[PDB]
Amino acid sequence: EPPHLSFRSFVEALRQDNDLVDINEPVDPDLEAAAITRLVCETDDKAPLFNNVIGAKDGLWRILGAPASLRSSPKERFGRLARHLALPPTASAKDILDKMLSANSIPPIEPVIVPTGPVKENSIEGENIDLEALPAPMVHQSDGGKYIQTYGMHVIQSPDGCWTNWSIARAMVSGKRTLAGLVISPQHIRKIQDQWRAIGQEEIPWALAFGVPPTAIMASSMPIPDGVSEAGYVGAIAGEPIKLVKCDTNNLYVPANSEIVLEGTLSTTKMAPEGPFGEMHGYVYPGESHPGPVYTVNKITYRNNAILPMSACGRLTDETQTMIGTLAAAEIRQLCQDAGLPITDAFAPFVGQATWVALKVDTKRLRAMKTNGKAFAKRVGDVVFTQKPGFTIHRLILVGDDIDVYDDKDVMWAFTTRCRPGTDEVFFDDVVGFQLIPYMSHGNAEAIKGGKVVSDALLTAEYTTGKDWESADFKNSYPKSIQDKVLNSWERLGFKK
């Protein structure tokens, strides 16, 4: 199977790309594996594969850190993400987001059932399971426990059986057979948990699949619509069905070539201290647990030589910024286009710590609408901040079509020179707010409400008569004949390539 349909083939693709370090020396899953991963994320280095995790027994487990973080070569910066999606390692951010949105407008390709697969090579059951003895990583020194679940896919089905949701939500080892996880509104895993609580079910059938098909983990991180099963969406992205096998102990289905699967239940009643966790905004709060639902593990099935993927998230740049912000930005682009707004492109600039989305406006179509910045900013915020894909995003920046929204430097130039602070902003204090952001949960107002803005970084004339300025840069302030004369002279004169 190709890299985008097999995690084991994806790992080999990273080896072929010279984008993976096989670490054969013993590495402690207590902080050492995550510290190496964290420093890889902070320097855009090669992904670390820990082949010799201290405490591994019977094939559980190796660790792959930084599965979807950035490469250091600017022409292949997003290459590890492109290898999730059957894209070349030179793929632009636009190419990656366009591919994730490609299934939005075409029929689902439904999964196919197979009788077995690699994930059934090994098993541990019932009283033989000891999660505290497995080498689950300690990801940050002040975390509330060992966060085994940072890059696996929760599988949970609605009571009526029609909707199977695949998503990423963190979970830590809680006990011999238990995890505690973050399960918050408005996420689909919480919506489904509430649908089971409402019919009185105490224990919901659940599975957690680690090292799924790379296309599946990307879709698991993307806010596709309510009621849409990710498996069919994944099939439409990948151009073929995902092969699923039935769980041993329940009626759920997991990818047949997953590395590791936990089968069990999600409680609708019981909670345990969950957290704290070093989180996508770059913070951990020592001692600050919150109650989270209990997952109970009844069976573990795994491949020979199983690999647990791990995201050591925090300050720039890891999977929380490369996947959560950018896939939110993709779905925000689709929301805006469905509303009839002239938005061509959306990205979550890394400088925004995945709380910003920049929206590129086709200014020719904006002028046909005969509106103004104040009215347009309100409309964009009403469309986006009332819908689930806008949940994590607190600042929308509207820029014209001379700005590359995929380039943090262009977005910052537009924001700081075209948006008059206060005057050119519309504040939203009645919308749902993201409580993980420290200015929300450790801030001056309600943790779950408000704190959002749309920043109009289009200049006044862009709404009426058009661009009346020229950039004071090499590209726009000098004739092409002068630019070419300089480029052809550059190295001969003694300037660098």
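Start at 1 and count along the sequence shown; that's the residue number.
Taking the PDB entry as given, 103-111 carries the higher mean Cα B factor of the two stretches 103-111 and 174-182. Averaged over CA atoms, B-factors in the entry run higher in 49-57 than in the other of 49-57 and 32-40. Per the PDB entry, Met271 shows the highest C-alpha temperature factor of the residues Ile260, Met271, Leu85, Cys247. In the PDB entry, the Cα temperature factor peaks, among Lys388, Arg365, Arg395, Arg77, at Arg365. In this PDB entry, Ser9 carries a Cα temperature factor that places it within the lowest third of its chain's modelled residues. The deposited CA B-factor of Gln337 belongs to the middle third of values across its chain. Per the deposited record, the Cα B-factor of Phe434 falls in the lowest third when ranked against the other modelled residues of its chain. In this PDB entry, the Cα temperature factor of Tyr151 sits in the bottom third of its chain's modelled residues, the lowest group. When the CA B factors of the chain's modelled residues are split into thirds, the value for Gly466 lands in the highest one.
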